Amino acid sequence: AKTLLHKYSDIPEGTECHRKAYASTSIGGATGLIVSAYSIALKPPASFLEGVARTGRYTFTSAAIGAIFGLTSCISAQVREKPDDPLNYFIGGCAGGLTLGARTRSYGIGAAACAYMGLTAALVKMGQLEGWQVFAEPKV
Amino acid sequence: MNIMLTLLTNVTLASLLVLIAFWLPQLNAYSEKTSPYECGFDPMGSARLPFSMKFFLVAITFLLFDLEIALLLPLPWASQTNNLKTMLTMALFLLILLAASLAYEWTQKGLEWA
Amino acid sequence: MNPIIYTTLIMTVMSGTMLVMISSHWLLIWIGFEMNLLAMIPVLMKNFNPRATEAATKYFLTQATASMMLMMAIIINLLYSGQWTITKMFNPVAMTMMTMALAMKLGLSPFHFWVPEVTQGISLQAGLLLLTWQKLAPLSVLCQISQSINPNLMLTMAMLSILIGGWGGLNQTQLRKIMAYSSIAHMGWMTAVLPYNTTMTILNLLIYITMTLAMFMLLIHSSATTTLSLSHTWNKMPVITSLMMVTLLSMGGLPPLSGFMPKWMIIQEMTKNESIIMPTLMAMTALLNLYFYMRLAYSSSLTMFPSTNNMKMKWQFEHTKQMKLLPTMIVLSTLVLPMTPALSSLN
Amino acid sequence: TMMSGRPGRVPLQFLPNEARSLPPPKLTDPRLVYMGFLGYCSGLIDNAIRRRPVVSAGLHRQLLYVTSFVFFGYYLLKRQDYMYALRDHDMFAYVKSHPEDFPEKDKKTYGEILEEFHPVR
Amino acid sequence: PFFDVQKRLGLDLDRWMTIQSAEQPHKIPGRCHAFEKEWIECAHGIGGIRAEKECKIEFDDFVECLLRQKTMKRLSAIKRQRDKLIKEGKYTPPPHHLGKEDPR
Amino acid sequence: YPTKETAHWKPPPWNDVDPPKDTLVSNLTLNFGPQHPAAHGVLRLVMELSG
Amino acid sequence: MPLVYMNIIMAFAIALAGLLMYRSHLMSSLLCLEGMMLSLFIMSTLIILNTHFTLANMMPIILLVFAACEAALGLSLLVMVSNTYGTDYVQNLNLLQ
Amino acid sequence: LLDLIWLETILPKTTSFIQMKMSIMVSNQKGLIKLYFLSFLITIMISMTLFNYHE
Amino acid sequence: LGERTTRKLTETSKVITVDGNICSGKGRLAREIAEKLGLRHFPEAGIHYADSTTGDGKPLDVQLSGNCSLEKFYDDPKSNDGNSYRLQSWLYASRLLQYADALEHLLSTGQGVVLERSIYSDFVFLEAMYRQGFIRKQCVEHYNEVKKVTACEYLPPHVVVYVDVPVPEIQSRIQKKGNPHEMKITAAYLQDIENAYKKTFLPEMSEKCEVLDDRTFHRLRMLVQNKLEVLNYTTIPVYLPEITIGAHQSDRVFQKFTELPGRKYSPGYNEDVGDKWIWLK
């Protein structure tokens, strides 16, 4: 629900890293359940225990990514104490890929995931700073 | 109420007849006696697929007439409307199409029934 | 099936859409789609194949469930406002479902999976008609309910239709499935701008229909299907392959060509709304859409796949049964670019 | 939707009597002649697709095409100018309708205003 | 493209079925004819957009006319209140045998 | 870009995909008497009736 | 809105989820669809009975018609698919979802 | 390695590979109904809640 | 599509394709058949059979009209060039067209018309060539897929007479026959022909001929016209090395085909051959 992202949105700044990290963990878990849902839907696992194995995989992975992203971001905020510039998320962004790199046990995918996930996060922060509309209202 | 009461008494009556039908003769069921009837000799196989296009080819036409008569039903009440000339064409109209539909089937040899 | 009946079916399809474009009352719209369906299925069943049958099974099954959800959401709208006129809907839980039902009717992703398959199951005649005429009515109602659309929900399918309309397009050989992913991709561009400004939608619609008329008339003219089957045509009647190249590029929207006119008005409109990021992603992916038009161009005109010998006798025999409407459908779908401003005729 | 649903006016008529007053496009408006060549080339492809000895053959039908598209192109141009003239009219009427929201801002000159200078280095 | 040919030709073939009022056989009233009538009379040249602002109150009363939503939440609140008083209060004797049968 | 798992699958037929037609094998077979009143007490006219 | 309406709507939601869980021979789906149809019918008619919005007394029956009509069509397609197999959804010729 | 093997790896070969994966993934050849049809189901279940707007 | 004005013809008849199976006896079969039927006799419809109907009505060079040459079959059968097959399939396409040339005429004038050998008879030459090994097996697989894809839609066959001649006797007439290439032809091949021919061709086809709807006929009538359609699947891409041609040779040869007076343009328009210029106005 939007109320959940709204929950994560009230960081504030980066204070209480745990409070934030729990929320990011929540979002990562949500997306993990969705991806698991379509995956099961479109790739009939055969033998249902394997299916819950699959969903356990994705759910735990995405939840992990969200957790580590959130807490590295807030910690960087509470350490560099810059704390508002976009790069402050980027480390976590770069960190996130490595998490993804760990479960996949591959340097390659982890390496790429570092860079792109990093840039995406950086753009997100930059967007919060700039009020980018992504889905702008018809206005015109 | 009224009607629900008679429904209940009827169904309970029948169910009563069933129960006095089974739990009464009190004798010996056994295998082969309970085997399905097949005019003496045993069946060559359990009932499967008596397929026929000639079933649906007409039965569907049943369904699409029954939908039509469903529209015919309002007619007795519609007859008392204030403006029949506005109505009357339609009262005829559907019937024509009903007939027309049949007519179309009549001669595309789609009505082989049986 | 003799032409006298075939024409009555196709005309009652035309009527079954015109009815949607006329009536203001909702019930007549749902009747419009409903009559449209019954008259759409049989025309897919001409010639009749073991394959075609399950094609029609797919199409019917999805269109039926779509129409069902639609009628349900109408009834809920009535429950919470007691109206039948189109206008605004008055209950978001209903409105999202009317959006879903229409989302199936356009074949937008992730509801899209039926369209590439169904196209495979029918001849290019019934195919073309399915990819053009069927795209009118649901859009014909979306333009009427643009006023209250929940833009988030619309842009998400509008984008995802473009990504899926891309990635599923790089993969296939036989052309019909590719035409399916082309259309499934353009619908993303139509339904994208719809919340913001309907006139751009209708413009893009006209270009799309003209385009796919160009292609399907050409595929008919050469009776090509699988890509390789298309490959031989360069030697027999070189012109038409030498023209598939161009119409393909107009699908691709290389800017002198007409097919650029849609995107380049769309980018305008959305940009007035700010929303600057979305068109950038969209326009970038449209490239990915272009690429398989290009590869398909490589199989055909730009390069000569080896001919089979048996072709030679076929050289003596001119094609027949000319399709009158074609040349204009090429030309309008290409050269018309310095006639954008005329779009305002659509007000 | 704008323009559509505007008060007054009637639906399907292609072109209001309220137009007419606008000057007609002149006979050799370049856009229009471009409709000409558009039809021309279509008429030519009509030959090339069906083999034919291109250009010289069927000069007849070719003339039919060019007359066709120039003809429709004409009225389409009329509706074009009508529509744009229309939005210009509605716009100005609306700017008189709400003078407050379209302020007549005072125009300070360059001498009057400061602006930061950025040396090129 | 909401072609409105039925309007230009004046056929009205569809329009009649629309709306709670709009002439019905034997002039049978809609259950919520009044709020609807007011609300539509409010709605003309205002057209659609400003209409969802200014005519909101009328549409609201029309809503409660349709669903009786609020009067039900109230009436429910009363009937649920009465249980609390059920031991503290004996309610009304007549309901049981009052002049309501004499009343006609 | 086929996967090998997909590569095992055959290319589509150039027309009707006729082969599956071989598959339909529907039939029924059934017997009259002896009991059956029309069987005159002593006939076993087994027959492979259609619909 | 009174609880009864909520109950019928829920019967719709089940009449859909049943269509989409979608399993084995498809004849079940034409059933589930018709059930869906019936729920929409009833949910409409209760409303038209509610507000005495009399003209709309005509709709539910008309609704019913076309809806029944398409279902009447649907069986025919099943016939054809039944004609070559003895029906099951499990067998589909077409490729690429 | 600097310009024939990385500088080409970093953005032609990347995208060109990612589309290999995605394209074989989306167009999964199969087409069994129960699959994506059930997918229509869950996508409806998501579509309703995520955009429900109300709390 | 004009059938709506008349609802198709009610007339019926039959075309007759005698199936004489020999060398010199093949000619003998044709002579008996020509005298036998009022309808014009099949002339064999070989390499230039298309050229006969093309417009000039006249045979071209072998190089492009067929690029097979039968004499170059008999003189070196099992040529490394797959001519041993290239002729087979090319002839099959031509004979298919034969059907179309005449069966349409059956649906038109309603008169009977006499074919010479017809498509069902083309099963056998390949049936033997595969046995003598003149053609590789894939050539055959290509031949029966294209067979199944093309023949199946042609529905009615027959109204035609099978025949027989002794292998040795045909060998005798073959000796009498003037052409050197015919004389060279091997015996064991021809015996394998007659053996499989009698074993299967008549064995199946007679069951259909023994039986010898209007709307279907009209649909079939549409197929008879616009012959490329009947040819539409004969150019299926399967890319066997003997049939297939590299782009250079094809681009060149077709570049040569246009060089002919009657081929640049559709026949009614062409200026090179004296078609009226008045239409070009």
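Order of writing sets the labels: A, B, C, D, E, F, G, H and I. Residues in every chain begin at 1.
Please note the rule applied: a contact is a pair of C-beta atoms (placed from the backbone, for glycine too) under 8 Å apart; a residue touches a chain by one contact, two chains touch by 3 or more.
Considering the contact criterion stated above, the chains in touch with chain E and with chain H alike are C, G. Closest to the protein's overall CA centre, chain by chain, comes C. Chain pairs F-I and C-I differ in how many C-beta pairs they share in contact, with the greater number at C-I.
Chain D and chain G have Cα centroids lying 49 Å from one another. Note: centroid distance chain B to chain G, computed from Cα atoms, is 20 Å. Mean C-alpha position of chain D lies 60 Å from that of chain I. Centres computed as Cα averages put chain F at a distance of 32 Å from chain G.
Among all residues of chain I, those that touch two or more other chains are 236, 266. Residues of chain H in contact with two or more other chains: 23-24, 27-29, 31-40, 43, 52-53. Among the residues of chain B, those touching two or more other chains are numbered 49, 51.
Working note: touching chain pairs come out as A-C, A-H, B-F, B-G, C-D, C-E, C-F, C-G, C-H, C-I, D-E, D-I, E-G, F-G, F-H, F-I, G-H.
If you check the complex, the residues on chain F that touch chain G are 9, 12, 17, 20-21, 23-24, 26. Chain I contributes residues 145, 148-149, 152, 233, 236 to its touches with chain F in the complex. The part of chain G that touches chain F in the complex is made up of residues 83-86, 93, 95. Those residues of chain C that touch chain G in the complex are listed here as 27, 31, 34-35, 37-38, 41, 50-51, 53-58, 60-61, 64-65, 67-69, 71-72, 75-76, 78-79, 82, 84, 113, 116-117, 120-121, 168, 171-172, 177. Those residues of chain I that touch chain D in the shared complex are 264-266, 269-271, 279-281.
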